[PDB]
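For reference, the structure discussed in these notes is given below.
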Amino acid sequence: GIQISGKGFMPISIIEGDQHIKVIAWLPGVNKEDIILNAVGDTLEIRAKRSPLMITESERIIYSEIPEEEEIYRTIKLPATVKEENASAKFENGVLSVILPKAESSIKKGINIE
Amino acid sequence: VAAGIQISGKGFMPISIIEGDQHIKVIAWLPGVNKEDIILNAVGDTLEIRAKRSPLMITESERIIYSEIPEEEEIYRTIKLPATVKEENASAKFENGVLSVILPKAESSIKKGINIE
Amino acid sequence: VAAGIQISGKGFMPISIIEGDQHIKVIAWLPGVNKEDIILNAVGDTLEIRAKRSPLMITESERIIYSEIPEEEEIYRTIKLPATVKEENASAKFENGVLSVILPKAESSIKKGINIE
Amino acid sequence: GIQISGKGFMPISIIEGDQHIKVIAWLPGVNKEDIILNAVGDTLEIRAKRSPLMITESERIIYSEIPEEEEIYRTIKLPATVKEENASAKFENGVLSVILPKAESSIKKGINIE
Amino acid sequence: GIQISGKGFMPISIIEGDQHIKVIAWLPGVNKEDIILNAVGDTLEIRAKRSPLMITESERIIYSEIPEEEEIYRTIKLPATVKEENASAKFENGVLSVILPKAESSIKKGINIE
Amino acid sequence: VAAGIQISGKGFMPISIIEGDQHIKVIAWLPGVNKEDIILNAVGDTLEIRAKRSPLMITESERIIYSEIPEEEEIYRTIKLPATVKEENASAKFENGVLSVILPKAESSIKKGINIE
Amino acid sequence: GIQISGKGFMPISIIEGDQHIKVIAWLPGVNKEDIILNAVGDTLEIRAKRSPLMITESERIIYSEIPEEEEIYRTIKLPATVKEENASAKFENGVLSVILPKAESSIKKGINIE
């Protein structure tokens, strides 16, 4: 049971494990220090600003499939309650990878089959 | 300043083309691609960008419950440019999943000004 | 007696939810699934059923000429239940491709009657 | 060339080999002794009754995706004539697997290519 | 924030105190032993059956404003979480009075004004 | 001269059926199929053609930029014929991706003329 | 950037390498000597004639999914300029395979990434 809200281009994958949730976000063209990343309860926020293409006076853009929206974000409701203090994140090749350890109250315990 | 361009290829790869007096710049989005998995070639008025993107790597315990992210492993674009370039002098950077190619125009494609006596 | 429930997951797995005063019973159809390939977990008001179904196994001489049977190898459901259960006391049977889970309600989810003086 | 008729929920696969036909049927919730299984010529009949969910007086059904149809069957026309006396069947995990040896008159013989 | 569902005639008052909630219900014509009364979390259930007017063969009803519905109930969502084990109830003159002590987690603590 | 025929199977395999007085000829298109990967069987009034087609074989440097050509690896047709044949006497050629099967009619399927006294 | 024109049934694949282009064409029922194959610049021509099914007077066609069009061709614009003199071709199992070496002017040279 997930829920997604926000502005701009930011494709996302959500990966569930037994004791953690992983969120993968595409942020090409974004600098690492321009990413704001926070979480509480079952909710993760990704905030980013993407600097526009920088042309000279001689240069002109003759073609562009690339979005110009400078400010982008996603608020993501997760299927579990996480523990924010223990989360971590990498940012390589324009991809953000957030690891959110599940709270104990959200960690399912096994039931045996007879 | 929309010139005469042509685009062909496979997979997700947004592109910008920037024209200057003496060069052309191509910008390509390649998130999730490693630098050494990019093949980059050019001749005449044509530029080729070839890349492979490794899929999301999950454990046995992990499962994907949601994904907006394309799974196509192999992607490419062949791009016809409005000028003839000189390949030997081209260069490229790859930062934050963005490839930036600089292609100097061939001398026979640069505007030489004509002096008015 | 339709209470507040919520269902998420992948693949074919018909489900019934049965509420009693002190327990909840979940019934799941898992034909073609081996018992040891079922993962079954719960906490709070949530139950997870994870299973993998091995595909039809044909020889080289055999060919499939007709099939209404789903080929999805990996299936799951996450199920929000109308009560908080106590996982440690749950139990389950698997007969004829049907999984039956019994989840005792947590004491704070059972109706305690109030005596009228 | 196959043909299928019957009542109720019973997904089916048909597998052809050189000397036999295999029929796979999903019968979750059905007891083995409540399956009737017969065949003649090119036709196989699968008859089954599925006992409904058994609740107590305290228990109530608040949700159900599970079909309540008590009696179910399929009559299946097969692409070959089988020999019934030699057929066999297993029933594991709610799946019925019928093996029907082909009659000799239905067993194709090879033609060589020059 | 309250919510009410159920069948039949049963006027209700809800009274909030700092440490308890009182529910008042009109149940004229109902015997005390035919009242079912339970609670959990923020929810109270009142179940009752009202025996119909009992006439002889000579007697006939020529006028009646009185509801004939034999079985009646209310499910009541309360603005606080209660502690069921400590609740109590009286039934006098056809009026049920339920006292539901609030759980500690639902007991508001004071904030001082400077 | 459209007789009583019936066709079932998987994949691309155009077919012609030709009837003579004493034989039936079946023509099947199997481009890209090797001869030894064709399985060919018959009994009564029924002919089976089974084939596997190896996919286009590219190098690592090569890429497919356009393809109208089906990728289905395994293909078959079961064909009901308007006469009973005698399998033991059948024959077949495979040239230029075309299979040609000759199936002599069983004596009980050939028109015996009746002499008018 | 490719372009295809012509008459009749002839499924085609185009394969690009660094120094060559491969064209694959389906020509079942065509004899090798009835294939005309030429090229210049960025253009390849495939011309073929397919002899119709040859029946006796006793024989009759009762069913046919097979196209009767006797003469077929494709003109194919290729994404590179080829060198015709160096091309080659095989014809096995009704499949034509043309190998067209790229001209030097069409051979892309590498650009290094810093």
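We label chains A, B, ... in the order they appear in the structure tokens, count residues from 1 in each chain, and number ligands from 1 in the order shown.
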Give me the residues of chain E that have any atom at most 9 Å from an atom of chain C; for each, the nearest atom pair and the distance in Å, rounded to one decimal. Use only C-alpha atoms, sort by chain and number, and format it as JSON lines.
```
{"residue": "E:32", "atom": "CA", "partner": "C:116", "partner_atom": "CA", "distance": 7.6}
{"residue": "E:33", "atom": "CA", "partner": "C:116", "partner_atom": "CA", "distance": 8.6}
{"residue": "E:35", "atom": "CA", "partner": "C:116", "partner_atom": "CA", "distance": 8.6}
{"residue": "E:36", "atom": "CA", "partner": "C:113", "partner_atom": "CA", "distance": 7.6}
{"residue": "E:37", "atom": "CA", "partner": "C:114", "partner_atom": "CA", "distance": 5.6}
{"residue": "E:38", "atom": "CA", "partner": "C:113", "partner_atom": "CA", "distance": 4.3}
{"residue": "E:39", "atom": "CA", "partner": "C:111", "partner_atom": "CA", "distance": 5.4}
{"residue": "E:40", "atom": "CA", "partner": "C:111", "partner_atom": "CA", "distance": 5.6}
{"residue": "E:41", "atom": "CA", "partner": "C:108", "partner_atom": "CA", "distance": 7.2}
{"residue": "E:83", "atom": "CA", "partner": "C:108", "partner_atom": "CA", "distance": 8.9}
{"residue": "E:84", "atom": "CA", "partner": "C:112", "partner_atom": "CA", "distance": 6.1}
{"residue": "E:85", "atom": "CA", "partner": "C:112", "partner_atom": "CA", "distance": 6.6}
{"residue": "E:86", "atom": "CA", "partner": "C:114", "partner_atom": "CA", "distance": 8.4}
{"residue": "E:87", "atom": "CA", "partner": "C:114", "partner_atom": "CA", "distance": 6.2}
{"residue": "E:88", "atom": "CA", "partner": "C:114", "partner_atom": "CA", "distance": 6.0}
{"residue": "E:89", "atom": "CA", "partner": "C:116", "partner_atom": "CA", "distance": 4.6}
{"residue": "E:90", "atom": "CA", "partner": "C:117", "partner_atom": "CA", "distance": 5.3}
{"residue": "E:91", "atom": "CA", "partner": "C:116", "partner_atom": "CA", "distance": 6.8}
{"residue": "E:96", "atom": "CA", "partner": "C:116", "partner_atom": "CA", "distance": 8.6}
{"residue": "E:97", "atom": "CA", "partner": "C:116", "partner_atom": "CA", "distance": 8.9}
{"residue": "E:98", "atom": "CA", "partner": "C:116", "partner_atom": "CA", "distance": 8.5}
```
Take the residues from that selection and write them out as a PDB file, in the first residue's frame, keeping N, CA, C and O atoms.
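See out02.pdb below for the written result:
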```pdb
ATOM      1  N   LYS E  32     -32.956  -6.081  30.855  1.00  0.00           N
ATOM      2  CA  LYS E  32     -31.527  -5.916  31.124  1.00  0.00           C
ATOM      3  C   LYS E  32     -30.681  -7.080  30.594  1.00  0.00           C
ATOM      4  O   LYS E  32     -29.592  -6.869  30.056  1.00  0.00           O
ATOM      5  N   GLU E  33     -31.175  -8.305  30.745  1.00  0.00           N
ATOM      6  CA  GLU E  33     -30.403  -9.463  30.310  1.00  0.00           C
ATOM      7  C   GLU E  33     -30.402  -9.605  28.792  1.00  0.00           C
ATOM      8  O   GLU E  33     -29.648 -10.408  28.258  1.00  0.00           O
ATOM      9  N   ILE E  35     -29.560  -7.124  26.864  1.00  0.00           N
ATOM     10  CA  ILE E  35     -28.655  -6.114  26.366  1.00  0.00           C
ATOM     11  C   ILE E  35     -27.259  -6.698  26.288  1.00  0.00           C
ATOM     12  O   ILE E  35     -26.740  -7.236  27.274  1.00  0.00           O
ATOM     13  N   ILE E  36     -26.657  -6.594  25.109  1.00  0.00           N
ATOM     14  CA  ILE E  36     -25.262  -6.954  24.931  1.00  0.00           C
ATOM     15  C   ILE E  36     -24.434  -5.683  24.829  1.00  0.00           C
ATOM     16  O   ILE E  36     -24.761  -4.769  24.066  1.00  0.00           O
ATOM     17  N   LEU E  37     -23.363  -5.631  25.605  1.00  0.00           N
ATOM     18  CA  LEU E  37     -22.625  -4.401  25.746  1.00  0.00           C
ATOM     19  C   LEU E  37     -21.132  -4.676  25.708  1.00  0.00           C
ATOM     20  O   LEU E  37     -20.565  -5.319  26.607  1.00  0.00           O
ATOM     21  N   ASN E  38     -20.493  -4.225  24.639  1.00  0.00           N
ATOM     22  CA  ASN E  38     -19.050  -4.336  24.597  1.00  0.00           C
ATOM     23  C   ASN E  38     -18.264  -3.192  23.973  1.00  0.00           C
ATOM     24  O   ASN E  38     -18.835  -2.274  23.387  1.00  0.00           O
ATOM     25  N   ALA E  39     -16.953  -3.235  24.173  1.00  0.00           N
ATOM     26  CA  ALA E  39     -16.101  -2.151  23.757  1.00  0.00           C
ATOM     27  C   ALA E  39     -14.674  -2.582  23.553  1.00  0.00           C
ATOM     28  O   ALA E  39     -14.176  -3.511  24.209  1.00  0.00           O
ATOM     29  N   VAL E  40     -14.017  -1.894  22.623  1.00  0.00           N
ATOM     30  CA  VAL E  40     -12.577  -2.011  22.445  1.00  0.00           C
ATOM     31  C   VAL E  40     -12.068  -0.806  21.658  1.00  0.00           C
ATOM     32  O   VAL E  40     -12.771  -0.284  20.782  1.00  0.00           O
ATOM     33  N   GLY E  41     -10.855  -0.363  21.992  1.00  0.00           N
ATOM     34  CA  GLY E  41     -10.277   0.838  21.419  1.00  0.00           C
ATOM     35  C   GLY E  41     -11.136   2.073  21.636  1.00  0.00           C
ATOM     36  O   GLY E  41     -11.378   2.511  22.771  1.00  0.00           O
ATOM     37  N   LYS E  83     -10.567   2.104  28.137  1.00  0.00           N
ATOM     38  CA  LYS E  83     -10.075   0.862  28.713  1.00  0.00           C
ATOM     39  C   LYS E  83     -11.252   0.021  29.210  1.00  0.00           C
ATOM     40  O   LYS E  83     -11.794   0.238  30.306  1.00  0.00           O
ATOM     41  N   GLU E  84     -11.620  -0.939  28.364  1.00  0.00           N
ATOM     42  CA  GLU E  84     -12.815  -1.787  28.475  1.00  0.00           C
ATOM     43  C   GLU E  84     -12.988  -2.535  29.810  1.00  0.00           C
ATOM     44  O   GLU E  84     -14.079  -2.609  30.369  1.00  0.00           O
ATOM     45  N   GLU E  85     -11.891  -3.105  30.292  1.00  0.00           N
ATOM     46  CA  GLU E  85     -11.836  -3.880  31.531  1.00  0.00           C
ATOM     47  C   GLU E  85     -12.343  -3.088  32.750  1.00  0.00           C
ATOM     48  O   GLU E  85     -12.706  -3.676  33.775  1.00  0.00           O
ATOM     49  N   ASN E  86     -12.304  -1.760  32.654  1.00  0.00           N
ATOM     50  CA  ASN E  86     -12.627  -0.908  33.789  1.00  0.00           C
ATOM     51  C   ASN E  86     -13.980  -0.201  33.648  1.00  0.00           C
ATOM     52  O   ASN E  86     -14.429   0.505  34.564  1.00  0.00           O
ATOM     53  N   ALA E  87     -14.617  -0.391  32.492  1.00  0.00           N
ATOM     54  CA  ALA E  87     -15.933   0.184  32.227  1.00  0.00           C
ATOM     55  C   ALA E  87     -17.015  -0.377  33.166  1.00  0.00           C
ATOM     56  O   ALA E  87     -16.837  -1.412  33.808  1.00  0.00           O
ATOM     57  N   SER E  88     -18.134   0.331  33.243  1.00  0.00           N
ATOM     58  CA  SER E  88     -19.277  -0.102  34.037  1.00  0.00           C
ATOM     59  C   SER E  88     -20.575   0.432  33.408  1.00  0.00           C
ATOM     60  O   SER E  88     -20.538   1.260  32.496  1.00  0.00           O
ATOM     61  N   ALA E  89     -21.719  -0.053  33.884  1.00  0.00           N
ATOM     62  CA  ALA E  89     -23.003   0.301  33.283  1.00  0.00           C
ATOM     63  C   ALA E  89     -24.184   0.078  34.231  1.00  0.00           C
ATOM     64  O   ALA E  89     -24.199  -0.888  34.994  1.00  0.00           O
ATOM     65  N   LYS E  90     -25.161   0.988  34.181  1.00  0.00           N
ATOM     66  CA  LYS E  90     -26.418   0.839  34.921  1.00  0.00           C
ATOM     67  C   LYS E  90     -27.561   0.825  33.921  1.00  0.00           C
ATOM     68  O   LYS E  90     -27.452   1.363  32.821  1.00  0.00           O
ATOM     69  N   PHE E  91     -28.673   0.235  34.325  1.00  0.00           N
ATOM     70  CA  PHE E  91     -29.862   0.242  33.489  1.00  0.00           C
ATOM     71  C   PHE E  91     -31.083   0.474  34.367  1.00  0.00           C
ATOM     72  O   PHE E  91     -31.558  -0.446  35.031  1.00  0.00           O
ATOM     73  N   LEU E  96     -29.879   3.112  29.568  1.00  0.00           N
ATOM     74  CA  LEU E  96     -28.573   2.517  29.811  1.00  0.00           C
ATOM     75  C   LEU E  96     -27.511   3.620  29.979  1.00  0.00           C
ATOM     76  O   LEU E  96     -27.443   4.556  29.177  1.00  0.00           O
ATOM     77  N   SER E  97     -26.696   3.517  31.022  1.00  0.00           N
ATOM     78  CA  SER E  97     -25.644   4.496  31.242  1.00  0.00           C
ATOM     79  C   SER E  97     -24.302   3.798  31.324  1.00  0.00           C
ATOM     80  O   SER E  97     -24.030   3.106  32.302  1.00  0.00           O
ATOM     81  N   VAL E  98     -23.475   3.973  30.298  1.00  0.00           N
ATOM     82  CA  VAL E  98     -22.161   3.347  30.268  1.00  0.00           C
ATOM     83  C   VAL E  98     -21.061   4.341  30.609  1.00  0.00           C
ATOM     84  O   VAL E  98     -21.000   5.444  30.056  1.00  0.00           O
TER      85      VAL E  98
END
```
Open item on the list: Give me, as a PyMOL selection string, the residues of stretch 28-110 of chain F that a backbone DSSP run labels strand (DSSP E or B).
Closed with: chain F and resi 28-29+38-43+46-52+63-67+74-80+85+91-95+98-105
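Minimum atom-to-atom distances from F:89, F:13, F:2, F:21 to residue G:58 were compared using only C-alpha atoms, and the lowest value belongs to F:21.
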- [ ] Find the residues of chain C in contact range of chain F, meaning any atom within 12 Å when counting only C-alpha atoms, and list them as a list in words.
- [x] residues 60, 61, 62, 63, 64, 65 and 66 of chain C
Report chain D as a CSV table (one decimal) with C-alpha atoms, in the first residue's frame in the frame of chain E, after least-squares superposition over all C-alpha atoms paired in order.
```csv
chain,number,residue,atom,x,y,z
D,1,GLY,CA,-15.0,13.4,16.1
D,2,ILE,CA,-17.7,10.8,16.4
D,3,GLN,CA,-19.3,8.2,14.1
D,4,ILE,CA,-22.6,6.3,14.5
D,5,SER,CA,-23.9,3.2,12.7
D,6,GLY,CA,-26.6,0.7,13.4
D,7,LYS,CA,-30.2,-0.5,13.2
D,8,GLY,CA,-33.4,0.7,14.9
D,9,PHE,CA,-34.6,3.2,17.4
D,10,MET,CA,-31.9,4.1,20.0
D,11,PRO,CA,-31.4,7.8,20.9
D,12,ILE,CA,-28.0,8.4,22.3
D,13,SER,CA,-26.0,11.0,24.3
D,14,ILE,CA,-22.2,11.1,24.5
D,15,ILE,CA,-20.6,12.9,27.4
D,16,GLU,CA,-16.9,13.6,27.6
D,17,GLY,CA,-14.9,14.2,30.8
D,18,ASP,CA,-11.2,14.5,31.3
D,19,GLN,CA,-10.6,10.8,32.3
D,20,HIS,CA,-13.8,9.1,31.1
D,21,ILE,CA,-16.5,9.0,28.5
D,22,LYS,CA,-20.2,8.4,29.4
D,23,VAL,CA,-22.6,7.0,26.9
D,24,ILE,CA,-26.4,7.3,27.6
D,25,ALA,CA,-28.8,5.2,25.5
D,26,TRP,CA,-32.6,4.9,25.5
D,27,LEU,CA,-33.8,1.3,25.6
D,28,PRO,CA,-37.4,1.4,26.8
D,29,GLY,CA,-39.1,-2.0,26.8
D,30,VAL,CA,-35.8,-3.9,26.8
D,31,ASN,CA,-35.0,-6.3,29.5
D,32,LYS,CA,-31.5,-5.9,31.1
D,33,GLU,CA,-30.4,-9.5,30.3
D,34,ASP,CA,-31.2,-8.8,26.6
D,35,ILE,CA,-28.7,-6.1,26.4
D,36,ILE,CA,-25.3,-7.0,24.9
D,37,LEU,CA,-22.6,-4.4,25.7
D,38,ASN,CA,-19.1,-4.3,24.6
D,39,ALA,CA,-16.1,-2.2,23.8
D,40,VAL,CA,-12.6,-2.0,22.4
D,41,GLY,CA,-10.3,0.8,21.4
D,42,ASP,CA,-12.4,3.8,20.6
D,43,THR,CA,-15.5,1.8,19.8
D,44,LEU,CA,-18.6,0.8,21.8
D,45,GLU,CA,-21.3,-1.6,20.7
D,46,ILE,CA,-24.8,-1.7,22.2
D,47,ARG,CA,-26.9,-4.7,21.2
D,48,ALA,CA,-30.5,-5.2,22.3
D,49,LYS,CA,-33.6,-7.2,21.5
D,50,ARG,CA,-37.0,-5.7,22.4
D,51,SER,CA,-39.9,-8.2,22.9
D,52,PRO,CA,-43.1,-7.1,21.0
D,53,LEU,CA,-46.3,-6.1,22.7
D,54,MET,CA,-47.9,-9.3,24.0
D,55,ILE,CA,-51.7,-9.5,23.4
D,56,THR,CA,-54.3,-12.1,24.2
D,57,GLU,CA,-56.7,-13.5,21.6
D,58,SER,CA,-59.5,-11.3,22.9
D,59,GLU,CA,-57.2,-8.2,22.8
D,60,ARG,CA,-56.4,-6.3,19.6
D,61,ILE,CA,-54.1,-3.4,18.9
D,62,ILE,CA,-56.2,-0.4,17.7
D,63,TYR,CA,-53.4,2.2,17.8
D,64,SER,CA,-49.6,2.1,18.1
D,65,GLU,CA,-46.8,4.7,17.8
D,66,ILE,CA,-44.5,2.1,19.3
D,67,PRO,CA,-41.8,0.6,16.9
D,68,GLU,CA,-42.1,-3.2,16.3
D,69,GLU,CA,-38.4,-3.8,15.3
D,70,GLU,CA,-37.3,-6.7,17.5
D,71,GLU,CA,-33.6,-6.4,17.2
D,72,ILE,CA,-31.6,-3.1,17.6
D,73,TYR,CA,-28.0,-2.0,17.7
D,74,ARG,CA,-25.6,0.9,17.6
D,75,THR,CA,-21.9,0.9,16.9
D,76,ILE,CA,-20.4,4.1,18.2
D,77,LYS,CA,-16.9,5.5,17.4
D,78,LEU,CA,-15.7,7.6,20.4
D,79,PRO,CA,-13.3,10.6,20.4
D,80,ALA,CA,-11.0,8.7,22.8
D,81,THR,CA,-9.5,5.3,23.4
D,82,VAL,CA,-11.1,3.6,26.4
D,83,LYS,CA,-10.1,0.9,28.7
D,84,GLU,CA,-12.8,-1.8,28.5
D,85,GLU,CA,-11.8,-3.9,31.5
D,86,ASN,CA,-12.6,-0.9,33.8
D,87,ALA,CA,-15.9,0.2,32.2
D,88,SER,CA,-19.3,-0.1,34.0
D,89,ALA,CA,-23.0,0.3,33.3
D,90,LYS,CA,-26.4,0.8,34.9
D,91,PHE,CA,-29.9,0.2,33.5
D,92,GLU,CA,-32.7,2.1,35.2
D,93,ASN,CA,-36.1,3.2,33.8
D,94,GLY,CA,-35.2,2.1,30.3
D,95,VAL,CA,-32.0,4.1,30.2
D,96,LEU,CA,-28.6,2.5,29.8
D,97,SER,CA,-25.6,4.5,31.2
D,98,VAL,CA,-22.2,3.3,30.3
D,99,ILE,CA,-19.0,4.7,31.9
D,100,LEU,CA,-15.8,4.2,29.9
D,101,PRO,CA,-12.6,5.3,31.6
D,102,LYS,CA,-10.1,6.8,29.1
D,103,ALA,CA,-6.8,5.0,28.4
D,104,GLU,CA,-3.8,7.0,29.5
D,105,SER,CA,-2.7,7.6,25.9
D,106,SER,CA,-6.0,9.4,25.4
D,107,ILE,CA,-5.9,11.6,28.5
D,108,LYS,CA,-4.9,15.1,27.6
D,109,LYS,CA,-2.4,16.9,29.9
D,110,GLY,CA,-2.5,20.6,30.6
D,111,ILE,CA,-0.6,23.4,28.9
D,112,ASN,CA,0.1,26.5,30.9
D,113,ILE,CA,-0.6,30.0,29.6
D,114,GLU,CA,2.0,32.6,30.4
```
Task: atom CA of residue B:16 to atom CA of residue B:54, straight-line distance in Å - done: 23.8 Å
